[PDB]
There are 2 protein chains.
Amino acid sequence: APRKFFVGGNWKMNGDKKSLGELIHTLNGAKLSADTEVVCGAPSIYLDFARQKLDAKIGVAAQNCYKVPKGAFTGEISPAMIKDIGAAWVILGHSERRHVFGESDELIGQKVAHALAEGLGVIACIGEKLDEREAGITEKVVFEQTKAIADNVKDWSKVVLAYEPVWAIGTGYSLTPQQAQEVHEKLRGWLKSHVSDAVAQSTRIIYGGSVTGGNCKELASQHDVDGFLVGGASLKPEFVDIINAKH
Amino acid sequence: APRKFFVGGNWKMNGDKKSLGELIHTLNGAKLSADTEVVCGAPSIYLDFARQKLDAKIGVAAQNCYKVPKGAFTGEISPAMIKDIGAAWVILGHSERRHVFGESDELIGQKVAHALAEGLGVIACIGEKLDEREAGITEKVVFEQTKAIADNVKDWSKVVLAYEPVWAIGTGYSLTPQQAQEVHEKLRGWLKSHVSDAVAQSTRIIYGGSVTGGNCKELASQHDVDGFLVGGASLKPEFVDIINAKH
């Protein structure tokens, strides 16, 4: 019935072996809540290293991948390769991929279908820009994004949706608890009526966008917030407090 | 005065630990020409592994990187990370980054300057699409692309130009030796007049695009072809015969 609290940490393009090694040693020794599912998204060049050093109770995610297993696609990695080093998750459609590197809704729908067909879990991110929110069209944009994903997903049991306002990323200005509830509620209600009631009840919709130890307890006690995608705070020991947001 | 013959192997999005390990062991025990500088571009996920297993005589290259050392750029790696695992090269501006993934000449230029600043060698790729060749503007396009690179190079000693006609990539169709010579001659001429004489004569300009064991001997014996960027043949043992193309 209940969805398991899910907290992913997106290290983005930070770290070396020495500094990620210290961060991992800290997580491996932290008191983590037993009912929380934790995943860390390491840069591709350190995925093998992260997976070796991290305790098996903690998931490892690639920060992107491509939509075929192999081929002439210089600079890309496939799910085949992610599985090969032993990782089980992939973050797809992150705001920075969509908006800095120009990945379309349809390309992400495609990447997700493949990731799933190869047996990866997927954290599919969606979110509106500031001009889109000031205009009132937040729902139209996130629905459009989710719809490109849904048309490609055969099975949702291994998918987590991450709602991440593009303008909340890296700014200290997060959504108020009430603003975030508003979008997940609507998003869950989209899944209900466009996929099924079961997929709505059982799919985790997590919030990202300036999540910190300061603001997470309030966010987590919202009915339709199922966890967090954490950026900058994932590189610091306050990441532990966020994993334990529910007490 | 002459330039070392140079052969880069671009594995692109291919391989796993087992099959790349076999390939690396083949190279490690191969008879290679001593006056050939070899470099292997591995997928980012296998860079660490590749650098550890490959003999130190053989260089290792990333297939791409971003333009700053760290930051909120999900899915990207920096030269600081490439250096951290001991690799010394990066491939930048590949046809596939340019045309599949939308990277502009200005972004590639910024990438080049940052990689050079952090102490990496660079294989910068330039080349025209088929519509551009039949329109008569091959030279316009490659000079435009070369200029975006040169405007961001302080020190040319660590740079290798790879000319790849995009219509030659994966079409089983290479330029004739005369056609390839014609472009490298033009390119070296361009460097002569827009940079310096010394740079023109010391800078390696390698040919990429449908290079096999069958055609490399004839290509390499042209006066301004200084080596190759090999695509699909870099995964076969005939990669060894291309490294040895000069006899």
# chains A, B, ... in the order shown; residues from 1 in each chain; ligands from 1
$ residues_around --residues "residue 242 in chain A" --least-positions-apart "3" --cutoff "7 Å" --atoms "only C-alpha atoms" --output "mmCIF file with N, CA and C atoms, in the first residue's frame"
data_model
loop_
_atom_site.group_PDB
_atom_site.id
_atom_site.type_symbol
_atom_site.label_atom_id
_atom_site.label_comp_id
_atom_site.auth_asym_id
_atom_site.auth_seq_id
_atom_site.Cartn_x
_atom_site.Cartn_y
_atom_site.Cartn_z
ATOM 1 N N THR A 212 17.360 21.089 1.759
ATOM 2 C CA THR A 212 18.389 21.113 2.794
ATOM 3 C C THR A 212 17.857 20.507 4.088
ATOM 4 N N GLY A 213 18.775 20.223 5.009
ATOM 5 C CA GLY A 213 18.432 19.754 6.343
ATOM 6 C C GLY A 213 17.475 20.681 7.077
ATOM 7 N N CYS A 216 13.615 20.171 5.084
ATOM 8 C CA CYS A 216 13.116 18.872 4.609
ATOM 9 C C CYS A 216 12.043 18.218 5.461
ATOM 10 N N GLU A 238 24.952 16.766 5.861
ATOM 11 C CA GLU A 238 23.539 17.046 6.113
ATOM 12 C C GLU A 238 22.638 16.193 5.235
ATOM 13 N N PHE A 239 23.210 15.574 4.207
ATOM 14 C CA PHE A 239 22.509 14.561 3.415
ATOM 15 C C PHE A 239 21.932 13.483 4.333
ATOM 16 N N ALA A 245 14.517 12.394 7.225
ATOM 17 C CA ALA A 245 13.553 13.494 7.315
ATOM 18 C C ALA A 245 12.257 13.122 8.036
#
$ interface_residues --of "chain B" --to "chain A" --cutoff "8 Å" --atoms "only C-alpha atoms" --output "ChimeraX atom specification"
/B:10-17,43-48,62-64,70-78,81-82,84,94,96-97,101-102
$ residues_around --residues "residue 40 in chain A" --least-positions-apart "4" --cutoff "8 Å" --atoms "only C-alpha atoms" --output "PyMOL selection string"
chain A and resi 8-11+58-61
$ closest_residue --among "B:190, B:173, B:207, B:5" --to "residue 139 in chain B" --atoms "only C-alpha atoms"
B:190
$ atom_distance --atom1 "CA of residue 152 in chain B" --atom2 "CA of residue 117 in chain B"
10.2 Å
$ residues_around --residues "residue 105 in chain B" --least-positions-apart "2" --cutoff "12 Å" --atoms "only C-alpha atoms" --output "PyMOL selection string"
chain B and resi 92-95+97-99+102-103+107-112+124-127+141-152
$ write_last_selection --atoms "N, CA, C and O atoms" --output "compact mmCIF listing (two decimals), in the first residue's frame"
# COMPACT_ATOMS: atom_id res chain seq x y z
N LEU B 92 37.45 16.00 -28.59
CA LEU B 92 36.51 17.10 -28.55
C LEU B 92 36.06 17.43 -29.96
O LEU B 92 36.81 17.29 -30.93
N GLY B 93 34.79 17.82 -30.05
CA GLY B 93 34.18 18.19 -31.30
C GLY B 93 33.90 17.08 -32.27
O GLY B 93 33.68 17.37 -33.44
N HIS B 94 33.86 15.82 -31.82
CA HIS B 94 33.51 14.71 -32.71
C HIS B 94 32.19 14.99 -33.44
O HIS B 94 31.28 15.62 -32.90
N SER B 95 32.13 14.53 -34.69
CA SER B 95 30.97 14.66 -35.55
C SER B 95 29.69 14.28 -34.81
O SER B 95 28.67 14.93 -34.96
N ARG B 97 29.02 14.34 -31.47
CA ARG B 97 28.67 15.40 -30.51
C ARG B 97 28.07 16.60 -31.23
O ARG B 97 27.11 17.20 -30.76
N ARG B 98 28.64 16.93 -32.39
CA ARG B 98 28.24 18.10 -33.15
C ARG B 98 26.83 17.97 -33.70
O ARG B 98 26.01 18.86 -33.54
N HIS B 99 26.53 16.83 -34.32
CA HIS B 99 25.33 16.71 -35.14
C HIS B 99 24.23 15.86 -34.51
O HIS B 99 23.07 16.13 -34.72
N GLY B 102 24.23 18.23 -30.86
CA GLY B 102 23.95 19.64 -31.02
C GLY B 102 25.00 20.61 -30.53
O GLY B 102 24.72 21.80 -30.43
N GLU B 103 26.21 20.13 -30.25
CA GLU B 103 27.28 21.01 -29.76
C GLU B 103 27.77 21.98 -30.84
O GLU B 103 28.13 21.57 -31.94
N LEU B 107 30.94 26.31 -28.16
CA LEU B 107 31.02 25.40 -27.01
C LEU B 107 32.24 24.51 -27.13
O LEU B 107 32.92 24.26 -26.14
N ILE B 108 32.50 24.02 -28.34
CA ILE B 108 33.68 23.18 -28.55
C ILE B 108 34.97 23.98 -28.33
O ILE B 108 35.94 23.47 -27.78
N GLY B 109 34.97 25.24 -28.75
CA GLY B 109 36.11 26.12 -28.55
C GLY B 109 36.41 26.33 -27.07
O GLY B 109 37.56 26.23 -26.66
N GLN B 110 35.37 26.62 -26.29
CA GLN B 110 35.48 26.77 -24.84
C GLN B 110 35.96 25.48 -24.17
O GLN B 110 36.74 25.53 -23.23
N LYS B 111 35.50 24.34 -24.66
CA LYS B 111 35.94 23.04 -24.14
C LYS B 111 37.44 22.85 -24.39
O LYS B 111 38.15 22.32 -23.56
N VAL B 112 37.90 23.29 -25.54
CA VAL B 112 39.27 23.07 -25.95
C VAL B 112 40.19 23.85 -25.04
O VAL B 112 41.19 23.32 -24.57
N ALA B 124 41.03 17.52 -31.47
CA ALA B 124 39.89 18.30 -31.99
C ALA B 124 39.43 17.85 -33.41
O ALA B 124 40.21 17.83 -34.35
N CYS B 125 38.15 17.51 -33.54
CA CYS B 125 37.56 17.05 -34.80
C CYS B 125 36.79 18.14 -35.55
O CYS B 125 36.02 18.88 -34.96
N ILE B 126 37.02 18.19 -36.87
CA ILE B 126 36.37 19.10 -37.80
C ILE B 126 35.90 18.30 -39.00
O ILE B 126 36.44 17.25 -39.30
N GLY B 127 34.89 18.78 -39.71
CA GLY B 127 34.47 18.13 -40.95
C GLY B 127 33.11 18.54 -41.45
O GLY B 127 32.28 18.98 -40.69
N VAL B 141 33.43 25.61 -44.33
CA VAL B 141 32.97 24.96 -43.11
C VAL B 141 34.10 24.47 -42.23
O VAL B 141 34.06 24.65 -41.02
N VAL B 142 35.11 23.83 -42.81
CA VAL B 142 36.23 23.34 -42.01
C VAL B 142 37.12 24.47 -41.48
O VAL B 142 37.71 24.35 -40.41
N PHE B 143 37.23 25.56 -42.22
CA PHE B 143 38.01 26.70 -41.76
C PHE B 143 37.25 27.38 -40.63
O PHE B 143 37.85 27.86 -39.67
N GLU B 144 35.93 27.41 -40.73
CA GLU B 144 35.11 28.05 -39.71
C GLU B 144 35.27 27.30 -38.41
O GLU B 144 35.44 27.90 -37.36
N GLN B 145 35.23 25.98 -38.51
CA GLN B 145 35.39 25.10 -37.37
C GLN B 145 36.80 25.12 -36.81
O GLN B 145 36.99 25.01 -35.60
N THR B 146 37.79 25.25 -37.67
CA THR B 146 39.18 25.30 -37.25
C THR B 146 39.46 26.62 -36.54
O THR B 146 40.26 26.67 -35.63
N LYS B 147 38.80 27.69 -36.98
CA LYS B 147 39.01 29.02 -36.42
C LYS B 147 38.46 29.11 -35.00
O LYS B 147 39.04 29.77 -34.16
N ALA B 148 37.33 28.45 -34.76
CA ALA B 148 36.73 28.42 -33.43
C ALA B 148 37.65 27.68 -32.45
O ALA B 148 37.65 27.97 -31.26
N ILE B 149 38.42 26.72 -32.96
CA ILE B 149 39.39 25.99 -32.16
C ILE B 149 40.66 26.86 -31.94
O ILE B 149 41.10 27.06 -30.81
N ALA B 150 41.22 27.41 -33.01
CA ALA B 150 42.44 28.19 -32.93
C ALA B 150 42.31 29.44 -32.05
O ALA B 150 43.28 29.87 -31.44
N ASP B 151 41.11 30.02 -31.99
CA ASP B 151 40.87 31.23 -31.18
C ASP B 151 40.96 30.95 -29.68
O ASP B 151 41.04 31.88 -28.88
N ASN B 152 40.92 29.67 -29.32
CA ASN B 152 41.00 29.21 -27.95
C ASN B 152 42.24 28.33 -27.66
O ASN B 152 42.33 27.72 -26.59
$ atom_distance --atom1 "CA of residue 217 in chain A" --atom2 "CA of residue 243 in chain A"
10.1 Å
$ select_by_dssp --residues "range 4-203 of chain A" --states "strand (DSSP E or B)" --output "PyMOL selection string"
chain A and resi 5-10+13+36-41+59-62+71+89-92+121-126+159-163
$ write_last_selection --atoms "N, CA and C atoms" --output "CSV table (one decimal), in the first residue's frame"
chain,number,residue,atom,x,y,z
A,5,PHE,N,9.7,5.7,1.4
A,5,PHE,CA,10.4,7.0,1.3
A,5,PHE,C,11.6,6.8,0.5
A,6,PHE,N,11.9,7.7,-0.5
A,6,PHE,CA,13.0,7.6,-1.4
A,6,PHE,C,13.8,8.8,-1.4
A,7,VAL,N,15.1,8.7,-1.2
A,7,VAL,CA,16.0,9.9,-1.2
A,7,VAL,C,17.2,9.6,-2.1
A,8,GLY,N,17.3,10.3,-3.3
A,8,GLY,CA,18.4,10.2,-4.2
A,8,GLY,C,19.3,11.4,-4.0
A,9,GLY,N,20.6,11.2,-4.1
A,9,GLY,CA,21.6,12.3,-4.0
A,9,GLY,C,22.3,12.4,-5.4
A,10,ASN,N,22.2,13.6,-6.0
A,10,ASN,CA,22.8,13.8,-7.3
A,10,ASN,C,24.0,14.7,-7.1
A,13,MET,N,28.5,17.1,-11.3
A,13,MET,CA,29.9,17.1,-11.8
A,13,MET,C,30.8,17.6,-10.7
A,36,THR,N,14.0,3.8,4.5
A,36,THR,CA,14.3,4.8,3.4
A,36,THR,C,15.2,4.2,2.4
A,37,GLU,N,14.8,4.3,1.1
A,37,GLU,CA,15.5,3.8,0.0
A,37,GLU,C,16.5,4.9,-0.5
A,38,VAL,N,17.8,4.6,-0.4
A,38,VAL,CA,18.8,5.7,-0.8
A,38,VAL,C,19.5,5.3,-2.1
A,39,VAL,N,19.7,6.3,-2.9
A,39,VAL,CA,20.4,6.1,-4.2
A,39,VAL,C,21.4,7.3,-4.3
A,40,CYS,N,22.6,7.1,-4.7
A,40,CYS,CA,23.6,8.2,-5.0
A,40,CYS,C,23.9,8.2,-6.5
A,41,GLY,N,23.9,9.3,-7.1
A,41,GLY,CA,24.1,9.5,-8.5
A,41,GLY,C,25.5,10.0,-8.7
A,59,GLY,N,21.9,2.4,-3.2
A,59,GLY,CA,21.9,2.3,-4.6
A,59,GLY,C,22.8,3.2,-5.3
A,60,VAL,N,23.3,2.9,-6.5
A,60,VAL,CA,24.1,3.8,-7.3
A,60,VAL,C,23.4,4.0,-8.6
A,61,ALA,N,23.4,5.3,-9.1
A,61,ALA,CA,22.7,5.7,-10.3
A,61,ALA,C,23.7,6.4,-11.2
A,62,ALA,N,23.6,6.1,-12.5
A,62,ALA,CA,24.3,7.0,-13.5
A,62,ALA,C,23.5,8.3,-13.6
A,71,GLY,N,26.8,1.5,-30.2
A,71,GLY,CA,26.8,2.1,-31.5
A,71,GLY,C,27.7,3.3,-31.6
A,89,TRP,N,20.5,1.9,-11.1
A,89,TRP,CA,19.6,3.1,-11.4
A,89,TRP,C,20.2,4.0,-12.4
A,90,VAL,N,19.4,4.9,-13.0
A,90,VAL,CA,19.8,6.0,-13.8
A,90,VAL,C,18.9,7.2,-13.7
A,91,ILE,N,19.4,8.4,-13.6
A,91,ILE,CA,18.7,9.6,-13.6
A,91,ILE,C,18.6,10.1,-15.0
A,92,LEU,N,17.3,10.3,-15.5
A,92,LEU,CA,17.1,10.7,-16.8
A,92,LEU,C,16.2,11.9,-16.9
A,121,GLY,N,16.4,0.7,-12.8
A,121,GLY,CA,15.4,1.7,-12.3
A,121,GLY,C,15.7,3.0,-12.9
A,122,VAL,N,14.7,3.8,-13.0
A,122,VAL,CA,14.8,5.2,-13.5
A,122,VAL,C,14.2,6.2,-12.6
A,123,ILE,N,14.9,7.3,-12.4
A,123,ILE,CA,14.5,8.5,-11.8
A,123,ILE,C,14.2,9.5,-12.9
A,124,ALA,N,13.0,9.6,-13.4
A,124,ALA,CA,12.7,10.5,-14.5
A,124,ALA,C,12.3,11.8,-13.9
A,125,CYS,N,13.0,12.9,-14.3
A,125,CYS,CA,12.8,14.2,-13.8
A,125,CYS,C,11.9,15.0,-14.7
A,126,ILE,N,11.1,15.9,-14.1
A,126,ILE,CA,10.2,16.8,-14.9
A,126,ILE,C,10.3,18.2,-14.1
A,159,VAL,N,10.0,2.8,-11.6
A,159,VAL,CA,10.1,4.2,-12.0
A,159,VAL,C,9.8,5.1,-10.8
A,160,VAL,N,10.6,6.2,-10.6
A,160,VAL,CA,10.4,7.2,-9.6
A,160,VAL,C,10.3,8.5,-10.4
A,161,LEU,N,9.2,9.3,-10.3
A,161,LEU,CA,9.1,10.6,-10.8
A,161,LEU,C,9.7,11.6,-9.9
A,162,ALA,N,10.6,12.5,-10.4
A,162,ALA,CA,11.2,13.6,-9.6
A,162,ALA,C,10.7,14.9,-10.1
A,163,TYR,N,9.9,15.7,-9.3
A,163,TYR,CA,9.5,17.0,-9.7
A,163,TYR,C,10.5,18.1,-9.2
$ residues_around --residues "range 176-184 of chain B" --least-positions-apart "2" --cutoff "8 Å" --atoms "only C-alpha atoms" --output "PDB file with N, CA and C atoms, in the first residue's frame"
ATOM      1  N   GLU B 139      35.442  23.935 -47.675  1.00  0.00           N
ATOM      2  CA  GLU B 139      36.548  24.699 -47.129  1.00  0.00           C
ATOM      3  C   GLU B 139      36.024  25.762 -46.190  1.00  0.00           C
ATOM      4  N   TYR B 163      40.517  15.546 -39.139  1.00  0.00           N
ATOM      5  CA  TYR B 163      39.534  15.816 -40.184  1.00  0.00           C
ATOM      6  C   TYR B 163      38.728  14.553 -40.449  1.00  0.00           C
ATOM      7  N   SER B 174      35.276   5.805 -47.795  1.00  0.00           N
ATOM      8  CA  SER B 174      36.312   6.762 -47.430  1.00  0.00           C
ATOM      9  C   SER B 174      36.664   7.654 -48.631  1.00  0.00           C
ATOM     10  N   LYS B 186      45.067  21.860 -47.550  1.00  0.00           N
ATOM     11  CA  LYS B 186      44.325  23.114 -47.363  1.00  0.00           C
ATOM     12  C   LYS B 186      44.366  23.573 -45.914  1.00  0.00           C
ATOM     13  N   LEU B 187      44.255  22.598 -45.022  1.00  0.00           N
ATOM     14  CA  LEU B 187      44.161  22.836 -43.596  1.00  0.00           C
ATOM     15  C   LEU B 187      45.499  23.294 -43.035  1.00  0.00           C
ATOM     16  N   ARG B 188      46.564  22.611 -43.439  1.00  0.00           N
ATOM     17  CA  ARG B 188      47.903  22.974 -43.034  1.00  0.00           C
ATOM     18  C   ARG B 188      48.258  24.326 -43.623  1.00  0.00           C
ATOM     19  N   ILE B 205      47.797  16.444 -38.397  1.00  0.00           N
ATOM     20  CA  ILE B 205      46.460  16.448 -38.934  1.00  0.00           C
ATOM     21  C   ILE B 205      46.167  15.032 -39.382  1.00  0.00           C
ATOM     22  N   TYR B 207      43.467  11.762 -40.380  1.00  0.00           N
ATOM     23  CA  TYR B 207      42.262  11.463 -41.132  1.00  0.00           C
ATOM     24  C   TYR B 207      41.403  10.440 -40.375  1.00  0.00           C
ATOM     25  N   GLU B 218      47.848   3.144 -48.093  1.00  0.00           N
ATOM     26  CA  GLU B 218      47.802   4.148 -49.151  1.00  0.00           C
ATOM     27  C   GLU B 218      47.528   5.541 -48.586  1.00  0.00           C
ATOM     28  N   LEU B 219      46.651   5.617 -47.586  1.00  0.00           N
ATOM     29  CA  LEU B 219      46.282   6.900 -46.979  1.00  0.00           C
ATOM     30  C   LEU B 219      47.459   7.529 -46.244  1.00  0.00           C
ATOM     31  N   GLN B 222      50.484   9.599 -47.850  1.00  0.00           N
ATOM     32  CA  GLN B 222      50.278  10.934 -48.384  1.00  0.00           C
ATOM     33  C   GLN B 222      51.012  11.931 -47.503  1.00  0.00           C
ATOM     34  N   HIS B 223      51.463  13.025 -48.113  1.00  0.00           N
ATOM     35  CA  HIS B 223      52.431  13.912 -47.474  1.00  0.00           C
ATOM     36  C   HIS B 223      51.894  14.680 -46.253  1.00  0.00           C
ATOM     37  N   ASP B 224      50.582  14.897 -46.156  1.00  0.00           N
ATOM     38  CA  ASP B 224      50.005  15.694 -45.065  1.00  0.00           C
ATOM     39  C   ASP B 224      48.983  14.916 -44.228  1.00  0.00           C
ATOM     40  N   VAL B 225      48.886  13.611 -44.463  1.00  0.00           N
ATOM     41  CA  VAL B 225      48.134  12.720 -43.583  1.00  0.00           C
ATOM     42  C   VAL B 225      49.138  12.189 -42.546  1.00  0.00           C
TER      43      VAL B 225
END
$ atom_distance --atom1 "CA of residue 193 in chain A" --atom2 "CA of residue 129 in chain A"
25.3 Å
$ select_by_dssp --residues "range 130-222 of chain B" --states "helix (DSSP H, G or I)" --output "number ranges by chain"
B: 130-134, 138-150, 156-158, 166-168, 177-194, 197-202, 216-220
